[PDB]
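Worksheet: the structure to be examined is printed underneath.
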Amino acid sequence: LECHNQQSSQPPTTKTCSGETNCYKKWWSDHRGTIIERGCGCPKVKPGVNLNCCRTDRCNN
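Just so we're aligned, residue 1 is where the sequence shown starts under the entry's author numbering, counting upward by one.
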């Protein structure tokens, strides 16, 4: 299973999930801009931050 590892508006990327079978996508706003952090797995984010987990390849794009 592949999950996007691209940050912010940066170039769309992907990475192989090891031991994981879900893709997560984190994104939030800041005084500097909207930060976006994606990767393999389904980690936990703090209050205010957005997170989306799915069981689809490059679903966390």
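Cβ coordinates follow ideal geometry from the N, Cα and C atoms, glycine included.
### Query
Where DSSP assigns a beta bridge to residue 44, which residues make up the other side?
By 1-based counting over the sequence shown, the position of residue 44 is 44. None; residue 44 has no bridge partner.
### Query
Nearest to residue 10 by CA position, among 33, 19, 47 and 17, is which residue?
In the sequence shown, the residue the question calls residue 10 occupies position 10. Selected option, being the one with the closest Cα: 33.
### Query
Where does residue 4 land, buried or exposed, given buried means 16+ other C-beta within 10 angstroms?
Residue mapping note: residue 4 aligns to position 4 of the sequence shown, counting from 1. Buried: at least 16 other Cβ atoms inside 10 Å.
### Task
Kindly say whether residue 46, judged by its beta-carbon, lies nearer than 8 Å to any beta-carbon of chain C.
Of the protein chains in the structure, only one exists, and it is not chain C.
### Query
For residue 58, which residues of its own chain have a beta-carbon under 8 Å away from its beta-carbon, when the five flanking residues on both sides are left out?
Position 58 of the sequence shown, counted from the start, is the residue given in the question as residue 58. Answer for residue 58: 2, 3, 4, 14 and 23, listed in chain order.
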